[PDB]
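The structure appears right after this line, and notes come after that.
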Amino acid sequence: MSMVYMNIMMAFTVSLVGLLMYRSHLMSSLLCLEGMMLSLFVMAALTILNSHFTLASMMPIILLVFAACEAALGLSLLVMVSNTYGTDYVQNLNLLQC
Amino acid sequence: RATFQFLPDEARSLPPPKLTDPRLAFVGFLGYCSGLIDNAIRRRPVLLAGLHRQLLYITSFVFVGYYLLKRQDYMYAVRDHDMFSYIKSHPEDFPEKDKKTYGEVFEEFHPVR
Amino acid sequence: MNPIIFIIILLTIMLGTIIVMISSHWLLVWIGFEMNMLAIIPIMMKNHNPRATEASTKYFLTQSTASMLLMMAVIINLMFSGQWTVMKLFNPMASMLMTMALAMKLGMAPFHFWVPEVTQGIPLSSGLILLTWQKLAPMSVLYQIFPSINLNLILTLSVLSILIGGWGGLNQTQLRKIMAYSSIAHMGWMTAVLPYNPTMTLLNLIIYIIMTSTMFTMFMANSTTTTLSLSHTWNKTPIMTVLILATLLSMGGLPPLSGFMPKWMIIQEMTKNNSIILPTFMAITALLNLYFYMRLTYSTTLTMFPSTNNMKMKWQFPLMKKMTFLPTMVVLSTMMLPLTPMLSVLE
Amino acid sequence: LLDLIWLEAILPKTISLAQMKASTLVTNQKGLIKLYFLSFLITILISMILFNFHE
Amino acid sequence: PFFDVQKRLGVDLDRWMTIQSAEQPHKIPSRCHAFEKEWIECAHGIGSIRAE
Amino acid sequence: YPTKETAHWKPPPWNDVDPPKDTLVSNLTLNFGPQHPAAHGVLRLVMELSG
Amino acid sequence: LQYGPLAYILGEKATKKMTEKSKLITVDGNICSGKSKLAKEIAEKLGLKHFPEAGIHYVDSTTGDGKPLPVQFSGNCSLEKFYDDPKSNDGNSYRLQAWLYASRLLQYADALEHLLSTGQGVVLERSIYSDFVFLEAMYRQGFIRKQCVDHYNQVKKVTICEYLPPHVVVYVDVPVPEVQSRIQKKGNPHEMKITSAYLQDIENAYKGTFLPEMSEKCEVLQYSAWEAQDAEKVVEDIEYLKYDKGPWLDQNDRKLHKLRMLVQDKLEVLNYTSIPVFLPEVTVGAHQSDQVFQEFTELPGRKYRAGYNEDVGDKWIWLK
Amino acid sequence: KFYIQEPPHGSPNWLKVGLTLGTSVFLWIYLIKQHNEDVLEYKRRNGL
Amino acid sequence: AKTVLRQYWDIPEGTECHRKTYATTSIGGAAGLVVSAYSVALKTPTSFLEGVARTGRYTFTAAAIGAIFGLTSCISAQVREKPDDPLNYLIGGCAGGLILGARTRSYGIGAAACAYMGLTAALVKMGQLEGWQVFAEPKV
Amino acid sequence: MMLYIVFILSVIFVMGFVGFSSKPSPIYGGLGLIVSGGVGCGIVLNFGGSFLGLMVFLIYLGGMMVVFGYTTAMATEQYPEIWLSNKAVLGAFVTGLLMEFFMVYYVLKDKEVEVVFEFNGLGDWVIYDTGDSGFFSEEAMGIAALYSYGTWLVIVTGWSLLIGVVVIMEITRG
Ligand SMILES: CCCCCCCCCCCCCCCCCC(=O)OC[C@H](COP(=O)(O)OCCN)OC(=O)CCCCCCCCCCCCCCCCC
Ligand SMILES: CCCCCCCCCCCCCCCCCC(=O)OC[C@H](COP(=O)(O)OCCN)OC(=O)CCCCCCCCCCCCCCCCC
Ligand SMILES: CCCCCCCCCCCCCCCCCC(=O)OC[C@H](COP(=O)(O)OCCN)OC(=O)CCCCCCCCCCCCCCCCC
Ligand SMILES: CCCCCCCCCCCCO[C@@H]1O[C@H](CO)[C@@H](O[C@H]2O[C@H](CO)[C@@H](O)[C@H](O)[C@H]2O)[C@H](O)[C@H]1O
Ligand SMILES: CCCCCCCCCCCCO[C@@H]1O[C@H](CO)[C@@H](O[C@H]2O[C@H](CO)[C@@H](O)[C@H](O)[C@H]2O)[C@H](O)[C@H]1O
Ligand SMILES: CCCCCCCCCCCCO[C@@H]1O[C@H](CO)[C@@H](O[C@H]2O[C@H](CO)[C@@H](O)[C@H](O)[C@H]2O)[C@H](O)[C@H]1O
Ligand SMILES: CCCCCCCCCCCCO[C@@H]1O[C@H](CO)[C@@H](O[C@H]2O[C@H](CO)[C@@H](O)[C@H](O)[C@H]2O)[C@H](O)[C@H]1O
Ligand SMILES: CCCCCCCCCCCCO[C@@H]1O[C@H](CO)[C@@H](O[C@H]2O[C@H](CO)[C@@H](O)[C@H](O)[C@H]2O)[C@H](O)[C@H]1O
Ligand SMILES: Nc1nc2c(ncn2[C@@H]2O[C@H](COP(=O)(O)OP(=O)(O)OP(=O)(O)O)[C@@H](O)[C@H]2O)c(=O)[nH]1
Ligand SMILES: N=C(N)NC(=N)NCCc1ccc(I)c(Cl)c1
Ligand SMILES: [Mg+2]
């Protein structure tokens with residue numbers, strides 16, 4: 001494939017690894033989720049734009065809309081996690097082992 | 001054959017299940033059992049309470065079961081219609097054998113000594 | 001939650017699932033999953049306690065991750081075919097990513113870790129939706145993409161799910177965690193037969209849903225969530241202990257009950273394709289599920305556990321729970337084996 | 001020696017012990033988001049490198 | 001689709017955007033329009049197993 | 001099956017509610033004045049703020 | 001319609017039935033402190049429903065034909081046996097206290113259901129909020145083990161959290177020496193065996209823990225023995241209260257609907273009073289439980305759901 | 001015995017009883033005429 | 001795994017044992033690493049050094065079981081001049097079980113391993129001979 | 001050098017991703033996502049999608065403004081971590097850059113590169129269309145069709161956004 005795809009696919013993989021390798025802050029992982037969607041938007045936009053798939057030009061826009069619904073949903077849960085424990089640390093969410 | 005149709009039109013060329021179908025009698029029986037369980041979980045007299053409710057359990061089961069049995073019969077008719085037509089379309093894959101008798105075919109004998 | 005808001009949110013859970021099942025376009029399939037995930041989270045958080053918050057968070061992170069892998073597969077598929085039709089995929093890398101994406105959505109092993117924890121952290125009514133309705137959409141996608149799925153991958157997931165589900169349930173005293181590991185074990189049977197006969201995947205899915213709905217409804221009827229709390233049922237409602245016994249023996253797959261039907265038809269399809277070792281391994285490993293079903297029947301119906309004095313107060317009040325469809329569901333869960341040939345309705 | 005011991009040991013008692021051990025390995029988890037998702041990365045990597053599920 | 005309600009009801013929900021050779025605004029063609037048309041018409045009705 | 005790694009596991013609450021953490025979200029403390037246009041130059045208003 | 005989400009959607013909202021007179025009032029005090037009389041007079045003057053203090057046979061009064069049931073259908077817990085032998089080996093002391101709390105929990109749910117569904121306030125004599133004083137007195141005198149106290153607290157912490165405290169807490173402060181004389185005049189031979197130290201422990205819990213707690217969230221009125229002798233003066237105080245604190249200010253139709261769904265479902269109310277915690281004082285063996293349960297179902301009008309017992313004249317069973 | 005509180009199901013709910021019986025009757029008639037219709041269509045299509 | 005598995009099955013039974021032992025060792029070592037990775041990921045080691053210690057302990061145990069099975073099964077075939085006899089893998093399978101038992105300091109594990117590994121390995125050779133399919137390709 | 005404009009921007013795209021993927025303080029992660037969103041807009045714009053590029057930049061700028069606010073409220077510590085402050089963050093950061101730098105170095109040297117899959121390094125312009133002369137923007141025609149062809153898409157997206165408001169109100173009402 002064209003060389004641009006090497007870096008966009010690489011960017012998606014970097015964010016996927018960033019998502020799967022947690023640290024403490026839950027906000028940091030939510031950012032990696034937003035980054036994953038950004039690479040998908042760009043990767044989809046390139047294909048659609050380059051192939052002149054006219055009606056598919058709206059598809060990346062629709063992608064962003066449900067990205068915001070996910071980010072808003074993620075932030076809502078972060079608020080509740082923060083209220084319970086006073087931090088957004090993911091090590092506090094370990095009550096359900098038992 | 002018709003896309004997302006419970007009973008295609010061609011299914012009407014098959015005979016409908018009889019209303020005395022043994023399978024339909026069993027379905028009606030399951031409705032009767034459901035009615036009894038309904039009384040029991042709610043701590044009502046199992047056999048006597050709410051005969052109107054018990055009637056509707058039997059009737060609803062038989063109603064739904066009749067259509068399921070009709071589609072069931074239809075899908076097996078379709079399977080055979082497909083299978084036989086395919087055999088007709090490909091004779092060379094289903095060749096008729098020459099049937100030897102047992103006086104000609106050699107089978108080995110294994111004594112039970 | 002306002003009752004009207006609860007109904008609107010529930011209908012949105014169903015609308016997202018319906019969209020997935022009726023869509024011919026990969027983008028609308030992805031939208032259906034996203035809409036479904038958005039609506040279910042408030043049902044998980046309905047009681048607002050730290051365990052519900054933890055459960056919803058773990059659920060959101062898992063499902064959101066799966067959707068990104070799902071959309072990655074769709075875009076890779078678009079590059080290598082230039083279309084969006086929901087059908088076989090045209091790139092093996094896309095097939096793997098989509099297959100993993102659906103495995104995480106279903107909670108199949110080794111993507112299973114969330115299922116026991118999320119189920120434990122949410123009420124029983126929400127757990128019922130999670131372990132039943134939420135299986136429909138991912139399975140409906142596997143039903144359409146299986147001609148391009150890697151056989152080794154899908155059978156590996158099925159094998160691991162049956163083992164981990166069976167082993168995982170042996171150590172559980174919490175009912176919601178018992179149902180969760182049971183669900184993992186049953187997911188494996190559905191996907192094991194998918195490469196050979198998708199019609200048998202639907203049959204197992206439908207029968208699993210009926211039996212799983214029956215159990216959850218009976219747990220809700222008595223507000224029981226632990227083994228010991230359920231062991232008091234013989235002193236409140238004796239009839240409910242017999243229904244639990246019949247349903248649990250059915251989930252174990254014992255003839256002549258209904259739950260034997262899917263295990264039986266799956267073994268038939270696998271043997272027709274010269275798969276002998278795998279169904280044998282699967283049937284024996286399902287004995288682990290029967291074991292921890294049998295423990296529940298012992299503590300619930302076939303013995304009488306110690307009671308408490310305050311239990312006498314409950315004798316004077318009737319069951320008020322709705323228990324919707326329980327009489328029908330329990331009969332279907334148990335007495336359906338004579339009608340096995342009706343599986344052709346799913347063809 | 002046989003009926004109360006060895007015929008028990010080499011089958012029901014050994015099998016049930018193995019299942020009990022495996023159950024403990026499966027279920028003894030920390031309930032930590034970080035560890036579960038770190039195992040997802042391992043699963044994905046071995047899927048491509050060892051078993052070539054992506055080909 | 002798992003359930004083909006679109007066909008049963010004869011309503012077009014999403015198949016207008018499934019392929020790039022479908023009707024586009026102002027009849028703007030995709031770059032691979034001819035190639036995909038030829039492939040779609042070759043494989044029409046015979047099934048994937050044969051079309052492969 | 002008790003094990004060493006689960007010796008510290010307790011049965012969950014009967015009603016699913018874990019007790020609220022005693023964690024203290026500290027209020028922000030701010031020197032409002034003396035050197036401040038609204039403090040009249042000599043007021044050291046020590047204010048605790050949440051937001 | 002039986003109450004539920006559908007009834008709520010159509011307009012059955014508590015804010016429509018509640019007024020300034022829809023109040024929950026609890027009269028508390030020591031034994032033989034004049035609670036009953038004062039509570040009954042407050043209820044009659046204000047137009048509220050009076051609930052006599054929940055006893056062993058309270059639940060019987062709300063089910064069946066309303067008569068007390070034989071004592072085996074309450075565990076044989078006896079108040080008289082508690083007074084005679086407060087250290088009975090058979091655990092009667094705690095078994096009684098656990099039973100009484102559950103009876104009060106049920107009475108509180110019934111009271112709340114009445115308040116929410118009709119808007120008429122109620123008057124109670126003691127409640128789940130004040131029942132613990134008797135548990136503290138029992139423990140300080142050695143009548144129950146510490147394990148019983150731990151059990152009691154577990155049951156309380158998962159039940160009292162679900163309800164709203166009473167609007168008004170009326171308290172009659174009668175000092176112990178006067179209480180002992182009052183008991184001596186009352187004439188119940190078992191009740192005369194109460195030690196004064198036990199009575200002082202009831203008073204120490206009331207003054208030490210109960211009232212300081214209720215002050216934060218309820219309107220508390222304390223009346224000496226003589227002030228309580230005129231309920232008309234008590235009613236006058238209640239009529240001019242501010243009602244400026246407590247959780248009732250924070251309630252709305254959405255919350256009172258959820259609360260009403262709980263209290264109308266009595267098995268849901270009593271769910272955690274039988275947690276599987278095996279104390280000897282409250283654990284019952286299977287053979288005893290099975291036998292008593294069978295006898296209970298052989299009582300008149302108790303075999304089937306209410307309205308399906310033909311042994312007591314229910315009709316149209318085949319259509320009901 | 002004579003209940004202290006009037007039972008919720010103390011008397012039949014005649015509106016439900018009518019609906020329940022009316023539905024059972026309706027479904028039964030619908031089933032029978034369908035079966036008769038199918039029998040006649042089946043004979044027609046097969047030259048019987 | 002397909003490449004290493006193919007190499008093992010491409011050199012005839014009983015011939016070129018050293019090459020066989022490399023294949024079974026390669027399979028064993030990989031299996032041990034897979035076990036270490038999940039173990040380290042899901043049961044965090046207290047120190048980086050220990051996590052390495054756990055990794056080497058599992059990878060060596062796994063590789064030993066592979067090498068001894070590959071050595072025993074080939075040497076038994078060559079010695080007995082019975083290249084295509086399932087019994088050779090039974091000898092190799094049990095020997096592996098003993099190595100596992102030794103590495104665990106548990107006779108009972110060693111006894112059970114020698115059996116179940118013995119049967120499982122012998123079952124694999126029959127499957128190769130008769131074409132038993134584990135992940136059978138769909139056909140009908 | 002200008003013929004490789006999309007490649008250069010895509011290199012910065014990855015560098016921004018390594019930025020926030022190594023997970024320093026979310027303050028700096030948001031900075032890395034803004035840079036990536038900025039150059040990502042530049043990449044899409046250079047393929048003829050001016051509206052798509054500017055829109056994704058605009059959305060992500062609004063999103064990272066909220067994330068900033070939530071960070072100072074709910075994801076802050078006494079010593080927020082930069083990339084150099086933490087050993088795990090630095091190791092991931094360096095590893096990302098070295099993996100990136102080696103992909104770039106070899107794809108430029110050989111005009112091709114195998115990184116798992118084969119990528120051609122002739123420059124990204126080679127795949128572009130050769131004959132355009134319409135009096136409109138094809139991306140604008142495709143996007144505007146959402147309101148004539150995408151009735152179904154409009155309904156499901158509009159409904160999801162409304163439900164989204166209802167849901168976040170439910171989720172955060174303790
Ligand atoms: C032609 C009919 C052939 C019968 C086939 C039976 C097959 C099993 C059907 C299962 C459904 C049974 C009905 C649901 C149970 C409800 C009955 C109950 O709960 O208790 C018995 C009850 C009498 O007790 P009571 O509660 O006081 O009610 C007063 C009414 N006289 O009510 C009664 O008076 C008795 C009602 C039936 C009792 C059934 C007992 C359980 C049977 C299950 C065992 C398994 C069945 C055999 C397996 C082979 C199947 C052929
Ligand atoms: C696969 C082969 C086997 C075939 C399996 C077939 C299964 C599907 C068949 C349907 C299964 C459910 C049938 C339930 C029958 C019992 C209904 C009944 O008696 O209701 C009594 C009454 C409510 O009846 P009512 O709503 O007034 O009637 C009008 C309905 N439009 O009031 C009551 O007391 C009802 C309470 C008990 C019922 C449980 C709660 C469910 C509520 C259902 C409402 C009524 C549904 C009407 C069913 C019609 C189905 C054709
Ligand atoms: C049909 C062809 C296909 C074949 C598949 C098999 C069909 C059978 C499916 C069964 C479906 C479940 C319904 C079974 C109905 C059982 C009825 C029953 O148990 O009697 C009710 C009674 C409840 O007590 P109660 O309502 O209060 O009455 C007064 C007594 N206290 O009960 C009791 O009081 C008993 C309490 C003690 C518990 C004893 C438990 C041992 C007896 C269990 C028998 C049922 C086993 C069913 C399992 C399948 C059997 C094949
Ligand atoms: C012969 C080929 C096929 C055989 C298949 C047999 C599978 C196993 C069936 C029985 C499973 C029973 O599972 C469990 O076994 C152990 C002993 O074995 C029992 O436990 C009993 O023995 C063990 C050890 O001897 C003791 O530690 C324990 O105190 C005692 O109660 C359990 O009460 C039973 O629940
Ligand atoms: C041919 C295949 C046959 C497959 C048969 C189906 C297998 C079903 C396996 C069920 C295994 C669970 O069964 C479990 O076994 C162990 C025996 O070690 C029992 O454990 C018992 O013995 C062990 C040690 O001997 C004690 O530590 C324990 O206190 C005691 O309870 C468990 O009480 C039982 O729950
Ligand atoms: C033809 C190919 C043959 C391939 C053979 C593959 C064999 C399978 C090997 C799986 C990995 C080894 O399996 C692993 O070994 C180590 C041995 O230390 C065991 O470890 C156990 O024994 C020792 C001593 O107690 C310690 O390492 C450890 O504390 C303990 O848990 C693990 O419990 C086991 O899970
Ligand atoms: C705890 C018990 C777990 C279940 C145990 C079940 C054991 C079942 C045995 C595995 C199946 C048989 O094992 C597998 O058979 C196939 C034949 O189809 C062999 O297939 C082989 O055949 C040719 C030779 O003709 C080889 O050159 C080639 O490398 C390979 O394709 C595999 O090399 C073997 O690995
Ligand atoms: C914050 C850090 C940011 C890091 C950003 C990293 C950017 C990545 C570097 C990309 C460099 C591209 O480098 C580009 O390679 C091609 C190779 O054909 C060169 O193009 C070349 O083509 C012809 C070949 O016939 C030569 O005659 C010509 O002299 C030369 O220009 C460009 O002159 C050069 O600019
Ligand atoms: N052990 C115990 N006894 C209780 C409890 N509640 C009431 N009692 C007893 O029930 C009897 C009646 O209670 P009281 O109302 O306080 O006594 P009284 O004679 O009626 O005096 P009045 O306040 O005027 O009504 C007393 O003997 C109490 O000790 C309780 O929770 N535990
Ligand atoms: N095995 C599959 N994947 N498909 C499948 N069920 N093939 C079998 C063919 C079949 C069987 C029964 C019927 I009735 C019909 Cl009509 C067709
Ligand atoms: Mg009194």
Side-chain angles (χ1 to χ4, degrees), chain D, chain I residues 1-8 23-46 48 50-52 54-55 57-59 61-63 66 94 97 100-101 103-120 134-135 137:
Chain D
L1 182 74
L2 287 160
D3 298 8
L4 298 176
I5 288 170
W6 274 126
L7 292 170
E8 279 280 307
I10 73 172
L11 280 172
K13 303 270 182 157
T14 291
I15 295 164
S16 69
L17 199 98
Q19 303 327 303
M20 187 195 73
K21 175 269 289 170
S23 184
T24 52
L25 302 199
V26 157
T27 48
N28 289 8
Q29 309 292 327
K30 310 294 206 23
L32 282 173
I33 280 160
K34 172 163 148 180
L35 305 190
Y36 296 140
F37 281 92
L38 179 58
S39 88
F40 290 3
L41 177 56
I42 282 151
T43 296
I44 290 146
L45 287 166
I46 62 85
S47 290
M48 313 190 58
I49 309 168
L50 281 184
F51 307 122
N52 286 30
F53 288 153
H54 71 294
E55 295 183 355
Chain I
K2 168 155 203 16
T3 200
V4 177
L5 250 296
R6 207 195 316 118
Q7 297 186 345
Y8 179 89
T24 69
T25 320
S26 47
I27 283 137
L33 277 174
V34 165
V35 158
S36 306
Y38 283 111
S39 173
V40 163
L42 296 167
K43 192 168 62 125
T44 313
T46 55
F48 164 92
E50 203 313 316
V52 170
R54 205 191 292 162
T55 304
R57 181 158 22 101
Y58 292 172
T59 307
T61 305
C94 166
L100 172 66
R103 294 282 277 114
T104 303
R105 258 77 150 71
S106 166
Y107 290 100
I109 293 207
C114 162
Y116 284 109
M117 279 177 208
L119 295 113
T120 312
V134 169
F135 291 168
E137 173 89 347

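Just so you know, these numbers use all the heavy atoms, side chains as well, and skip hydrogens, waters and symmetry mates. In what follows, every chain begins at residue 1, and chains take the letters A, B, ... in the order their sequences are listed.
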Query raised in the report: Would you call I/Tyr38 and D/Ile46 a side-chain contact if the rule is heavy atoms closer than 4.5 Å?
Result: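 Sidechains of D/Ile46 and I/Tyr38: in contact.
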Report task. Provide the closest heavy-atom pair for D/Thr14 versus I/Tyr116 in the form atom of the first, atom of the second, distance. Result ->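 Of all heavy-atom pairs spanning D/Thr14 and I/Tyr116, the closest is CG2-CE1, 4.5 Å.
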Requested in this report: For residues D/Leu35 and I/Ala41, report the shortest heavy-atom separation together with the two atoms involved.
Outcome: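 Closest approach of D/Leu35 to I/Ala41, heavy atoms only: CD2-O, 3.5 Å.
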Query - Heavy-atom pair count under 4.5 Å with chain I, highest-scoring of D/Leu38, D/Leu32, D/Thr43, D/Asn28 - result: D/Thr43
Query raised in the report: Where does D/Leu41 contact chain I at under 4.5 Å (heavy atoms): side chain, backbone, both or neither?
Result: neither
Query raised in the report: Would you find more than 12 non-hydrogen atoms of other residues, nucleotides or ligands less than 6.0 Å from D/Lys30 atom NZ?
Result: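 Enclosed: over 12 neighbouring heavy atoms sit under 6.0 Å from NZ of D/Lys30.
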Query raised in the report: Is the number of heavy atoms from other residues, nucleotides or ligands under 6.0 Å of D/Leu11 CG greater than 12?
Result: yes
**Report entry** Residue among I/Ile109, I/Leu33, I/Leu42 with most heavy-atom pairs under 4.5 Å to chain D
**Finding:**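 Heavy-atom pair counts peak at I/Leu42.
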Requested in this report: Using non-hydrogen atoms and a 4.5 Å limit, figure out which bit of I/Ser39 sits close to chain D: side chain, backbone, both or neither.
Outcome: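 Contact with chain D: none, neither part.
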Report task. Drop me the distance from D/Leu50's CG to I/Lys2's NZ, to the nearest 0.5 angstrom. Result -> 14.5 Å
